[PDB]
file final30.cif (mmCIF, C-alpha atoms and all ligand atoms)
data_query
#
loop_
_atom_site.label_atom_id
_atom_site.label_comp_id
_atom_site.auth_asym_id
_atom_site.auth_seq_id
_atom_site.Cartn_x
_atom_site.Cartn_y
_atom_site.Cartn_z
CA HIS A 8 171.73 154.66 89.43
CA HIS A 9 171.13 157.70 91.66
CA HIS A 10 173.62 158.12 94.52
CA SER A 11 172.28 159.93 97.59
CA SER A 12 175.37 160.14 99.87
CA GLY A 13 173.61 158.38 102.74
CA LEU A 14 170.40 160.44 102.77
CA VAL A 15 168.57 157.21 101.89
CA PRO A 16 169.70 153.58 101.62
CA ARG A 17 171.56 152.69 98.45
CA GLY A 18 169.36 151.75 95.51
CA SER A 19 166.25 153.15 97.19
CA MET A 20 165.87 156.72 95.94
CA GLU A 21 163.01 156.00 93.53
CA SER A 22 161.23 153.06 95.16
CA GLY A 23 161.93 153.69 98.84
CA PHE A 24 163.73 150.38 99.40
CA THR A 25 167.10 149.00 98.24
CA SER A 26 166.68 147.22 94.94
CA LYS A 27 167.98 143.65 94.91
CA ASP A 28 170.37 144.58 92.07
CA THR A 29 172.22 146.79 94.57
CA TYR A 30 173.39 143.60 96.29
CA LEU A 31 175.24 142.67 93.08
CA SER A 32 177.09 146.01 92.88
CA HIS A 33 177.51 147.70 96.26
CA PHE A 34 177.36 144.85 98.79
CA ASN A 35 180.95 143.87 99.60
CA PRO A 36 180.98 140.54 101.49
CA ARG A 37 184.51 141.10 102.83
CA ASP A 38 183.58 144.46 104.39
CA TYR A 39 180.41 142.91 105.82
CA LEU A 40 182.34 140.01 107.36
CA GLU A 41 185.05 142.25 108.80
CA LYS A 42 182.49 144.63 110.29
CA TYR A 43 180.04 142.17 111.86
CA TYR A 44 181.75 138.79 112.36
CA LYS A 45 185.35 139.38 113.48
CA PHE A 46 184.28 138.17 116.96
CA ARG A 49 185.64 141.75 122.59
CA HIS A 50 182.12 142.04 124.05
CA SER A 51 181.04 144.36 121.23
CA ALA A 52 177.34 144.72 120.51
CA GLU A 53 177.91 142.72 117.31
CA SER A 54 179.48 139.81 119.20
CA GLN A 55 176.66 139.67 121.78
CA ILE A 56 174.05 139.49 119.01
CA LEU A 57 176.10 136.81 117.26
CA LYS A 58 176.46 134.76 120.44
CA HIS A 59 172.70 134.86 120.98
CA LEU A 60 172.06 133.71 117.41
CA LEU A 61 174.51 130.84 117.98
CA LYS A 62 172.94 129.88 121.31
CA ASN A 63 169.45 129.79 119.79
CA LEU A 64 170.65 127.82 116.77
CA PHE A 65 172.33 125.42 119.19
CA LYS A 66 169.09 125.09 121.17
CA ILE A 67 166.96 124.62 118.02
CA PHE A 68 169.05 122.00 116.24
CA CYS A 69 170.80 120.20 119.13
CA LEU A 70 168.44 120.42 122.12
CA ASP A 71 165.06 120.58 120.36
CA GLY A 72 164.01 118.03 117.74
CA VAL A 73 164.62 119.97 114.51
CA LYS A 74 166.42 117.40 112.35
CA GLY A 75 166.11 115.57 109.06
CA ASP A 76 167.75 114.84 105.73
CA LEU A 77 167.82 118.28 104.08
CA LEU A 78 168.09 121.84 105.38
CA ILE A 79 167.96 124.78 102.95
CA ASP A 80 169.58 127.99 104.18
CA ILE A 81 167.80 130.87 102.43
CA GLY A 82 169.82 134.06 102.09
CA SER A 83 173.03 132.74 103.61
CA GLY A 84 174.96 135.89 102.80
CA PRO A 85 178.69 135.17 102.98
CA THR A 86 178.38 133.63 106.46
CA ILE A 87 178.41 130.10 107.86
CA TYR A 88 177.85 130.82 111.58
CA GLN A 89 174.19 129.89 111.13
CA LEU A 90 175.07 126.34 110.02
CA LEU A 91 177.57 125.14 112.65
CA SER A 92 175.02 123.55 114.96
CA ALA A 93 172.76 122.61 112.03
CA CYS A 94 175.32 120.22 110.52
CA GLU A 95 174.96 118.05 113.64
CA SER A 96 171.28 117.31 112.92
CA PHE A 97 171.01 117.44 109.10
CA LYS A 98 172.70 115.12 106.62
CA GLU A 99 172.67 117.65 103.75
CA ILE A 100 172.73 121.47 103.76
CA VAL A 101 172.10 123.76 100.78
CA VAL A 102 173.28 127.37 101.06
CA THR A 103 171.73 130.08 98.89
CA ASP A 104 171.93 133.83 98.33
CA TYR A 105 170.99 136.44 95.76
CA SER A 106 174.44 138.07 95.70
CA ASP A 107 177.02 136.38 93.47
CA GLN A 108 179.81 137.93 95.54
CA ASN A 109 178.37 136.26 98.63
CA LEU A 110 178.27 132.85 96.92
CA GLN A 111 181.88 133.26 95.80
CA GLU A 112 182.96 134.05 99.37
CA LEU A 113 181.09 130.93 100.51
CA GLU A 114 182.76 128.79 97.85
CA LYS A 115 186.19 130.10 98.88
CA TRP A 116 185.48 128.95 102.43
CA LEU A 117 184.11 125.60 101.25
CA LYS A 118 187.37 124.90 99.41
CA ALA A 119 189.38 126.14 102.43
CA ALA A 120 191.05 128.72 100.21
CA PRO A 121 193.71 130.75 102.07
CA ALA A 122 192.02 134.06 101.21
CA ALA A 123 188.70 132.95 102.75
CA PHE A 124 187.38 134.58 105.91
CA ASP A 125 188.55 132.95 109.15
CA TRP A 126 185.60 131.50 111.06
CA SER A 127 187.80 129.77 113.69
CA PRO A 128 186.82 131.77 116.83
CA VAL A 129 183.13 131.40 115.94
CA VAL A 130 183.64 127.68 115.33
CA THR A 131 185.39 127.32 118.69
CA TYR A 132 182.52 129.07 120.49
CA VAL A 133 179.97 126.68 118.98
CA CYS A 134 182.20 123.73 119.90
CA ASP A 135 182.14 125.11 123.44
CA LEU A 136 178.33 125.25 123.39
CA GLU A 137 178.12 121.65 122.16
CA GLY A 138 180.23 120.28 125.03
CA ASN A 139 183.68 120.24 123.38
CA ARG A 140 183.02 116.83 121.83
CA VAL A 141 185.24 118.03 118.96
CA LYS A 142 187.63 120.90 118.33
CA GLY A 143 187.34 123.63 115.71
CA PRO A 144 188.94 121.98 112.66
CA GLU A 145 186.95 118.75 112.97
CA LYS A 146 183.75 120.77 113.37
CA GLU A 147 184.64 122.95 110.37
CA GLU A 148 185.26 119.90 108.17
CA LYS A 149 181.99 118.29 109.24
CA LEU A 150 180.13 121.44 108.19
CA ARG A 151 182.06 121.68 104.93
CA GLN A 152 181.13 118.10 104.06
CA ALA A 153 177.48 118.83 104.92
CA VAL A 154 177.16 121.71 102.42
CA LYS A 155 176.22 119.99 99.16
CA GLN A 156 175.15 122.91 96.93
CA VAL A 157 175.70 126.66 96.66
CA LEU A 158 172.79 128.19 94.76
CA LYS A 159 171.26 131.45 93.61
CA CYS A 160 168.08 132.40 95.44
CA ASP A 161 165.52 135.16 94.91
CA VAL A 162 162.79 135.19 97.56
CA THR A 163 160.60 137.43 95.36
CA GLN A 164 160.13 134.58 92.84
CA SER A 165 157.45 131.89 93.01
CA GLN A 166 160.31 129.38 92.65
CA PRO A 167 162.98 130.93 94.91
CA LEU A 168 165.68 128.52 93.70
CA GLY A 169 164.60 128.71 90.05
CA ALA A 170 164.90 125.53 88.01
CA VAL A 171 167.29 123.77 90.44
CA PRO A 172 165.53 120.58 91.62
CA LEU A 173 165.71 119.60 95.28
CA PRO A 174 163.92 117.04 97.43
CA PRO A 175 161.37 118.54 99.81
CA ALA A 176 163.39 119.87 102.72
CA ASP A 177 162.97 119.08 106.40
CA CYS A 178 163.87 122.65 107.38
CA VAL A 179 164.19 126.09 105.82
CA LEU A 180 166.54 128.40 107.74
CA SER A 181 166.89 132.15 107.16
CA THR A 182 168.94 134.48 109.38
CA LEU A 183 169.19 138.25 108.78
CA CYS A 184 167.87 137.79 105.21
CA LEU A 185 164.14 138.51 104.95
CA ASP A 186 164.30 141.99 106.53
CA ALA A 187 166.77 142.98 103.82
CA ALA A 188 165.16 141.17 100.88
CA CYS A 189 161.49 142.11 101.33
CA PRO A 190 160.55 145.76 100.66
CA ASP A 191 157.04 145.46 102.13
CA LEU A 192 154.93 143.13 104.24
CA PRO A 193 153.01 141.65 101.25
CA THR A 194 156.34 140.69 99.68
CA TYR A 195 157.48 139.35 103.06
CA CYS A 196 154.40 137.14 103.38
CA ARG A 197 154.68 135.97 99.76
CA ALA A 198 158.37 135.18 100.28
CA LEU A 199 157.48 132.99 103.27
CA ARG A 200 154.83 131.29 101.13
CA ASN A 201 157.35 130.72 98.32
CA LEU A 202 159.82 129.20 100.78
CA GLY A 203 157.03 126.82 101.82
CA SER A 204 157.09 125.17 98.39
CA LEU A 205 160.56 123.85 99.31
CA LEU A 206 159.33 122.23 102.54
CA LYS A 207 157.80 118.83 103.20
CA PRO A 208 154.38 118.90 104.89
CA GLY A 209 154.97 119.78 108.51
CA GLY A 210 158.47 121.01 107.69
CA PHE A 211 160.27 123.42 109.98
CA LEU A 212 160.70 127.13 109.29
CA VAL A 213 163.41 128.88 111.33
CA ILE A 214 163.71 132.66 111.06
CA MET A 215 165.98 135.05 112.96
CA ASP A 216 166.12 138.74 112.06
CA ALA A 217 166.12 142.32 113.30
CA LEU A 218 163.12 144.05 114.89
CA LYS A 219 162.04 147.57 113.90
CA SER A 220 165.13 148.16 111.74
CA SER A 221 164.85 150.54 108.78
CA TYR A 222 168.48 150.27 107.65
CA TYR A 223 171.83 148.69 108.38
CA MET A 224 175.35 149.87 107.66
CA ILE A 225 178.40 148.18 106.20
CA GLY A 226 180.78 150.94 107.15
CA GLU A 227 179.34 153.92 105.30
CA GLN A 228 177.21 151.93 102.80
CA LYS A 229 173.55 151.95 103.93
CA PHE A 230 171.08 149.21 102.95
CA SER A 231 167.34 149.15 103.49
CA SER A 232 165.64 146.99 106.10
CA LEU A 233 161.94 146.27 106.57
CA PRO A 234 161.07 147.62 110.08
CA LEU A 235 158.95 144.78 111.43
CA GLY A 236 157.49 144.48 114.89
CA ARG A 237 156.76 141.16 116.55
CA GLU A 238 153.05 141.39 115.73
CA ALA A 239 153.63 141.93 111.99
CA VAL A 240 156.13 139.04 111.83
CA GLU A 241 153.68 136.64 113.50
CA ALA A 242 150.89 137.80 111.18
CA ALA A 243 153.00 137.28 108.05
CA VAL A 244 154.16 133.80 109.10
CA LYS A 245 150.64 132.61 109.90
CA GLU A 246 149.19 134.13 106.72
CA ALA A 247 151.93 132.36 104.75
CA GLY A 248 150.60 129.02 106.02
CA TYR A 249 152.63 128.21 109.15
CA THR A 250 151.92 127.65 112.83
CA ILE A 251 154.44 129.10 115.28
CA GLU A 252 155.89 126.67 117.80
CA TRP A 253 157.91 129.25 119.69
CA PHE A 254 158.76 132.91 119.24
CA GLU A 255 161.48 134.82 121.08
CA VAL A 256 162.21 138.55 121.29
CA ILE A 257 165.47 139.90 122.70
CA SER A 258 166.14 143.57 123.37
CA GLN A 259 169.84 143.55 122.41
CA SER A 260 170.47 145.77 119.38
CA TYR A 261 173.37 146.49 117.06
CA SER A 262 175.44 149.58 117.67
CA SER A 263 173.68 152.69 116.40
CA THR A 264 176.52 153.11 113.88
CA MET A 265 175.65 149.78 112.23
CA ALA A 266 171.86 149.39 112.45
CA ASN A 267 168.83 151.12 113.96
CA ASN A 268 167.17 147.91 115.14
CA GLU A 269 165.27 147.57 118.41
CA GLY A 270 166.19 144.00 119.28
CA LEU A 271 166.02 140.72 117.40
CA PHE A 272 163.46 137.96 117.04
CA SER A 273 163.76 134.21 116.59
CA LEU A 274 160.95 131.84 115.69
CA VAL A 275 160.38 128.20 114.81
CA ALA A 276 157.28 127.38 112.78
CA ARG A 277 155.89 124.32 111.01
CA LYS A 278 154.13 124.28 107.65
CA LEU A 279 150.39 123.79 108.11
CA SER A 280 147.96 121.51 106.29
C1 LIG A 301 171.90 137.22 105.35
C2 LIG A 301 172.78 138.44 105.47
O1 LIG A 301 173.76 138.36 106.16
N1 LIG A 301 172.46 139.66 104.79
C3 LIG A 301 173.34 140.80 104.98
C4 LIG A 301 172.97 141.48 106.21
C5 LIG A 301 172.62 142.03 107.20
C6 LIG A 301 172.11 142.71 108.38
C7 LIG A 301 172.89 142.78 109.56
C8 LIG A 301 172.48 143.43 110.71
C9 LIG A 301 171.24 144.06 110.79
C10 LIG A 301 170.44 144.01 109.63
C11 LIG A 301 169.10 144.69 109.70
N2 LIG A 301 168.92 145.71 110.55
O2 LIG A 301 168.17 144.32 108.95
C12 LIG A 301 170.88 143.35 108.47
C13 LIG A 301 171.24 139.78 103.98
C14 LIG A 301 171.23 139.11 102.60
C15 LIG A 301 169.91 139.41 101.86
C16 LIG A 301 170.25 138.95 100.46
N3 LIG A 301 169.19 139.27 99.52
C17 LIG A 301 168.91 140.56 98.99
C18 LIG A 301 167.84 140.41 98.14
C19 LIG A 301 167.44 139.04 98.13
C20 LIG A 301 166.47 138.26 97.51
CL1 LIG A 301 165.30 138.98 96.39
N4 LIG A 301 166.33 136.95 97.70
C21 LIG A 301 167.23 136.37 98.58
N5 LIG A 301 168.22 137.00 99.24
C22 LIG A 301 168.31 138.36 99.00
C23 LIG A 301 171.61 139.60 100.15
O3 LIG A 301 172.31 138.86 99.19
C24 LIG A 301 172.35 139.39 101.53
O4 LIG A 301 173.16 138.27 101.40
#
call {"tool": "encode", "arguments": {"input": "final30.cif", "output": "structure tokens"}}
result
Amino acid sequence: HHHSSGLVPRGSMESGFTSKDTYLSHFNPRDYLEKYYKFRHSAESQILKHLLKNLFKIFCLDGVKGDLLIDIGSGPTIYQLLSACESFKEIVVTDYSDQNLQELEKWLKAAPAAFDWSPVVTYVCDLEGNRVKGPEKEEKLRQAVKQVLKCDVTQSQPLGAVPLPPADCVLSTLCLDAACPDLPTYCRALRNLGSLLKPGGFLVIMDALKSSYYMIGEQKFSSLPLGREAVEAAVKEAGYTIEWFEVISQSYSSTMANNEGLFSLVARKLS
């Protein structure tokens, strides 16, 4: 405990990178949701719409489908799963932060105090051709989420003792940049996630490019500032082949993150 009043990201003064324990104390899921996912044409909304469009393309237009998808580092959000529930029978959501899991469980039970994902749900329904409306989509997703679990990407077994069948897909959006303090940890985390995947299973990653921090209001958290070349190197070294890789220049507002664009990739676990 050594507060630095924003000079450096919280929990980073000694080591140079936010300790994971900081996500149990100073990460407020409600403030995060209100700041990034309220959904006008704000920088945050444009980023979110591009994530949703790519997730729509990956799970609905491409062939990424199967029995089990594991969402690694879900945070308190479900936007990343709306299209996925159309192609996967079972979805497991995971995060390191207990507060994030509680916010997820509130939404799963449709508790009145849960965050309102309706305008995001409607947008995804629009993308998918308006075959259903918001509430039917929301219920389909809710029925698809079978488990809410603790995850720690720095551990050889990221989900601990919890048994799961080998997954068809591992999805991780806006997680690895924040969870991995260096590239060796990043590569090892991708390797650890591979133990959850069937041979030839799909790895789907979306995250910020060249971002050293991000803000939840005035609370600053560390980010690993990766370029496209380092990301590709880590994924390949972790035992995957990249099927496609996209870079977009759109960035968060300077008051929320110092990223230079976002990347999206789909990979498959090698031999
Ligand atoms: C998925 C999301 O929305 N997270 C919040 C944001 C954001 C954000 C938004 C915009 C830009 C940028 C940026 N410029 O980078 C980051 C991250 C996640 C990480 C997650 N976390 C932390 C340690 C850890 C371990 Cl060891 N293993 C598994 N997960 C872990 C912790 O709980 C939390 O939920």
call {"tool": "residues_near_ligand", "arguments": {"input": "final30.cif", "ligand": "ligand LIG 301 (chain A)", "cutoff": "7 Å", "atoms": "all atoms listed in the file", "output": "number ranges by chain"}}
result
A: 27, 30, 81-86, 104-106, 109, 160-163, 182-189, 216-217, 220-223, 232-233, 266-268
call {"tool": "closest_residue", "arguments": {"input": "final30.cif", "among": "A:42, A:151, A:142, A:98", "to": "residue 74 of chain A", "atoms": "all atoms listed in the file"}}
result
A:98
call {"tool": "residues_around", "arguments": {"input": "final30.cif", "residues": "residue 37 of chain A", "least_positions_apart": "5", "cutoff": "12 Å", "atoms": "all atoms listed in the file", "output": "mmCIF file with C-alpha atoms, in the frame of the given file"}}
result
data_model
loop_
_atom_site.group_PDB
_atom_site.id
_atom_site.type_symbol
_atom_site.label_atom_id
_atom_site.label_comp_id
_atom_site.auth_asym_id
_atom_site.auth_seq_id
_atom_site.Cartn_x
_atom_site.Cartn_y
_atom_site.Cartn_z
ATOM 1 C CA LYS A 42 182.490 144.630 110.290
ATOM 2 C CA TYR A 43 180.040 142.170 111.860
ATOM 3 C CA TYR A 44 181.750 138.790 112.360
ATOM 4 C CA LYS A 45 185.350 139.380 113.480
ATOM 5 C CA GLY A 84 174.960 135.890 102.800
ATOM 6 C CA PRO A 85 178.690 135.170 102.980
ATOM 7 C CA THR A 86 178.380 133.630 106.460
ATOM 8 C CA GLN A 108 179.810 137.930 95.540
ATOM 9 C CA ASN A 109 178.370 136.260 98.630
ATOM 10 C CA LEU A 110 178.270 132.850 96.920
ATOM 11 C CA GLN A 111 181.880 133.260 95.800
ATOM 12 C CA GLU A 112 182.960 134.050 99.370
ATOM 13 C CA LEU A 113 181.090 130.930 100.510
ATOM 14 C CA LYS A 115 186.190 130.100 98.880
ATOM 15 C CA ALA A 122 192.020 134.060 101.210
ATOM 16 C CA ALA A 123 188.700 132.950 102.750
ATOM 17 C CA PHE A 124 187.380 134.580 105.910
ATOM 18 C CA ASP A 125 188.550 132.950 109.150
ATOM 19 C CA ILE A 225 178.400 148.180 106.200
ATOM 20 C CA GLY A 226 180.780 150.940 107.150
#
call {"tool": "residues_near_point", "arguments": {"input": "final30.cif", "point": "(159.6, 150.6, 102.6)", "cutoff": "12 Å", "atoms": "only C-alpha atoms", "output": "MDAnalysis selection string"}}
result
chainID A and resid 15:16 19:26 186:195 219:222 230:235
call {"tool": "residues_around", "arguments": {"input": "final30.cif", "residues": "residue 62 of chain A", "least_positions_apart": "3", "cutoff": "12 Å", "atoms": "all atoms listed in the file", "output": "VMD selection string"}}
result
chain A and resid 55 to 59 65 to 70 88 to 89 91 to 93 129 132 to 137 273
call {"tool": "closest_residue", "arguments": {"input": "final30.cif", "among": "A:99, A:107, A:177, A:38", "to": "residue 154 of chain A", "atoms": "only C-alpha atoms"}}
result
A:99
call {"tool": "closest_residue", "arguments": {"input": "final30.cif", "among": "A:119, A:63, A:213, A:165", "to": "residue 257 of chain A", "atoms": "only C-alpha atoms"}}
result
A:63
call {"tool": "atom_distance", "arguments": {"input": "final30.cif", "atom1": "atom CA of residue 75 of chain A", "atom2": "atom CA of residue 157 of chain A"}}
result
19.2 Å
call {"tool": "closest_residue", "arguments": {"input": "final30.cif", "among": "A:214, A:240, A:94, A:102", "to": "residue 159 of chain A", "atoms": "all atoms listed in the file"}}
result
A:102
call {"tool": "atom_distance", "arguments": {"input": "final30.cif", "atom1": "atom CA of residue 78 of chain A", "atom2": "atom CA of residue 209 of chain A"}}
result
13.6 Å
call {"tool": "build_atoms", "arguments": {"input": "final30.cif", "residues": "segment 29-52 of chain A", "atoms": "N, CA and C atoms", "output": "PDB file, in the coordinates of the input"}}
result
ATOM      1  N   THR A  29     171.186 146.111  93.795  1.00  0.00           N
ATOM      2  CA  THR A  29     172.220 146.790  94.570  1.00  0.00           C
ATOM      3  C   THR A  29     173.115 145.798  95.295  1.00  0.00           C
ATOM      4  N   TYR A  30     172.587 144.618  95.632  1.00  0.00           N
ATOM      5  CA  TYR A  30     173.390 143.600  96.290  1.00  0.00           C
ATOM      6  C   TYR A  30     174.396 142.938  95.352  1.00  0.00           C
ATOM      7  N   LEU A  31     174.257 143.135  94.042  1.00  0.00           N
ATOM      8  CA  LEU A  31     175.240 142.670  93.080  1.00  0.00           C
ATOM      9  C   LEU A  31     176.359 143.678  92.844  1.00  0.00           C
ATOM     10  N   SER A  32     176.119 144.956  93.123  1.00  0.00           N
ATOM     11  CA  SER A  32     177.090 146.010  92.880  1.00  0.00           C
ATOM     12  C   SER A  32     177.756 146.517  94.156  1.00  0.00           C
ATOM     13  N   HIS A  33     176.973 146.937  95.147  1.00  0.00           N
ATOM     14  CA  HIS A  33     177.510 147.700  96.260  1.00  0.00           C
ATOM     15  C   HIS A  33     177.637 146.917  97.559  1.00  0.00           C
ATOM     16  N   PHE A  34     177.198 145.665  97.598  1.00  0.00           N
ATOM     17  CA  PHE A  34     177.360 144.850  98.790  1.00  0.00           C
ATOM     18  C   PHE A  34     178.698 144.128  98.701  1.00  0.00           C
ATOM     19  N   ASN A  35     179.633 144.491  99.585  1.00  0.00           N
ATOM     20  CA  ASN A  35     180.950 143.870  99.600  1.00  0.00           C
ATOM     21  C   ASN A  35     180.990 142.844 100.720  1.00  0.00           C
ATOM     22  N   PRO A  36     181.015 141.545 100.412  1.00  0.00           N
ATOM     23  CA  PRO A  36     180.980 140.540 101.490  1.00  0.00           C
ATOM     24  C   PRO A  36     182.155 140.643 102.446  1.00  0.00           C
ATOM     25  N   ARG A  37     183.347 141.000 101.954  1.00  0.00           N
ATOM     26  CA  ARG A  37     184.510 141.100 102.830  1.00  0.00           C
ATOM     27  C   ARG A  37     184.340 142.212 103.863  1.00  0.00           C
ATOM     28  N   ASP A  38     183.833 143.374 103.439  1.00  0.00           N
ATOM     29  CA  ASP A  38     183.580 144.460 104.390  1.00  0.00           C
ATOM     30  C   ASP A  38     182.506 144.065 105.392  1.00  0.00           C
ATOM     31  N   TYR A  39     181.455 143.390 104.924  1.00  0.00           N
ATOM     32  CA  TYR A  39     180.410 142.910 105.820  1.00  0.00           C
ATOM     33  C   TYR A  39     180.972 141.959 106.868  1.00  0.00           C
ATOM     34  N   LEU A  40     181.765 140.973 106.432  1.00  0.00           N
ATOM     35  CA  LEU A  40     182.340 140.010 107.360  1.00  0.00           C
ATOM     36  C   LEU A  40     183.254 140.686 108.374  1.00  0.00           C
ATOM     37  N   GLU A  41     184.133 141.570 107.896  1.00  0.00           N
ATOM     38  CA  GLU A  41     185.050 142.250 108.800  1.00  0.00           C
ATOM     39  C   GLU A  41     184.304 143.104 109.816  1.00  0.00           C
ATOM     40  N   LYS A  42     183.179 143.694 109.414  1.00  0.00           N
ATOM     41  CA  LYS A  42     182.490 144.630 110.290  1.00  0.00           C
ATOM     42  C   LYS A  42     181.620 143.936 111.332  1.00  0.00           C
ATOM     43  N   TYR A  43     181.025 142.791 110.997  1.00  0.00           N
ATOM     44  CA  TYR A  43     180.040 142.170 111.860  1.00  0.00           C
ATOM     45  C   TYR A  43     180.470 140.855 112.501  1.00  0.00           C
ATOM     46  N   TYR A  44     181.486 140.172 111.959  1.00  0.00           N
ATOM     47  CA  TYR A  44     181.750 138.790 112.360  1.00  0.00           C
ATOM     48  C   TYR A  44     183.211 138.534 112.715  1.00  0.00           C
ATOM     49  N   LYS A  45     183.983 139.581 113.019  1.00  0.00           N
ATOM     50  CA  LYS A  45     185.350 139.380 113.480  1.00  0.00           C
ATOM     51  C   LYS A  45     185.383 138.618 114.806  1.00  0.00           C
ATOM     52  N   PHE A  46     184.427 138.896 115.694  1.00  0.00           N
ATOM     53  CA  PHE A  46     184.280 138.170 116.960  1.00  0.00           C
ATOM     54  C   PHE A  46     185.505 138.291 117.857  1.00  0.00           C
ATOM     55  N   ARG A  49     186.076 141.568 121.208  1.00  0.00           N
ATOM     56  CA  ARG A  49     185.640 141.750 122.590  1.00  0.00           C
ATOM     57  C   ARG A  49     184.115 141.665 122.685  1.00  0.00           C
ATOM     58  N   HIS A  50     183.560 142.126 123.810  1.00  0.00           N
ATOM     59  CA  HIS A  50     182.120 142.040 124.050  1.00  0.00           C
ATOM     60  C   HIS A  50     181.368 143.157 123.344  1.00  0.00           C
ATOM     61  N   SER A  51     181.739 143.414 122.092  1.00  0.00           N
ATOM     62  CA  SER A  51     181.040 144.360 121.230  1.00  0.00           C
ATOM     63  C   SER A  51     179.577 143.969 121.065  1.00  0.00           C
ATOM     64  N   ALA A  52     178.751 144.976 120.770  1.00  0.00           N
ATOM     65  CA  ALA A  52     177.340 144.720 120.510  1.00  0.00           C
ATOM     66  C   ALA A  52     177.160 143.665 119.421  1.00  0.00           C
TER      67      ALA A  52
END
